[PDB]
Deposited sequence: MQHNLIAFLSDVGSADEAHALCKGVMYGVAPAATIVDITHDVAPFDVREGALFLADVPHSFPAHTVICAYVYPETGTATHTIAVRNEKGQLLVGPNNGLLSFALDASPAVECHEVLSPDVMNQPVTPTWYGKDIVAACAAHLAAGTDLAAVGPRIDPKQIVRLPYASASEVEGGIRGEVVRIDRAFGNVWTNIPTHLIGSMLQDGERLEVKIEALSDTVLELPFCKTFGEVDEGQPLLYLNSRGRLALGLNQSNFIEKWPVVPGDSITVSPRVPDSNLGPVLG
């Protein structure tokens, strides 16, 4: 039942003190906790980007983790904060605005509460920063031995707002998916096409804003010459496009939501 590791995500940036003031509040409540950032460089207000960044956090982090996350343009409104215990035994705290959707896909909710108890908040709560005074504060209380049931009333899992996620499908001559996100440090393109779908089938890849490439399917970057394009399964088990030691989206610009079709 111990949760001494707090994994922390927001959209407030890492460039000023704000993300650190949250950690100050958390160390004051849970002075023995380990606090590690996931990132604070989610694009402003971008709940979907935050949700995508959290997707693989449950799997990589141990059971004694509190996932503390906010992207909270609804701060100071009726949009509540929730605290969840997942099937892995981790705790998650965040706004009920879809942010935790893909982390919960990875490890479903077992018990879910609205955070309404003043005793798990940093008082007085400032309306424009529930992320510090409710989300961070509550996560730290959970790390410091507070029972999940003490944060507020139980809700059903279906009361957690979920962001829709497009799945790739078999079409009439291949697999139709889309760009989910860019691997931005490198310029690699990540799709929603899972391992099991490319199983069936060099491949033709059609990128719609329209470009057709004939690409080798490789296990890794070094299997083609430097600067050459490849298809590969990324670290997350989904089909990706890259140039070996270059930047694919600088050569073929593509944004999230663009269609990607793969055929023999």
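Missing from the model, by position in the deposited sequence, are residues 202-206, 215-216, 272-283.
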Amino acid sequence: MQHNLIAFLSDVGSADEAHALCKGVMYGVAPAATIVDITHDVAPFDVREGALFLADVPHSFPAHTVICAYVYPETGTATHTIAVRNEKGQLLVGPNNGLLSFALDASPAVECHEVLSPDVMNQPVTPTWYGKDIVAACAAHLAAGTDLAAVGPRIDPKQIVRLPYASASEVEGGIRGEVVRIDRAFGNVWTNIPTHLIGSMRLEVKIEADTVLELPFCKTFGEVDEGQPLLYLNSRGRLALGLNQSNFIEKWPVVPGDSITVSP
From here on, numbers count along this sequence of modelled residues.
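Looking at the other PDB entries for this protein, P157 is present in the model in all of those that include the residues around it, rather than absent from a third. Looking at the other PDB entries for this protein, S200 is absent from the model in a third or more of those that include the residues around it. Higher mean CA temperature factor, per the PDB entry, when comparing 113-121 with 96-104: 113-121. Checked against the record, the higher mean CA B factor of 9-17 and 249-257 lies with 249-257. Remark: of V71, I175, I134, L163, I175 shows the highest value [criterion: C-alpha B-factor in the PDB entry]. Between the residues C218, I35, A43, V57, it is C218 that shows the highest Cα B-factor in the PDB record. When all modelled residues of the chain are sorted by CA temperature factor, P62 is found within the middle third. Per the PDB record, residue ranking by Cα B-factor puts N234 in the middle third of the chain. In the PDB entry, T191 places in the middle third of its chain by CA B-factor. In this PDB entry, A143 carries a Cα temperature factor that places it within the middle third of its chain's modelled residues.
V151: CA B factor lies in the middle third for its chain, per the PDB record.
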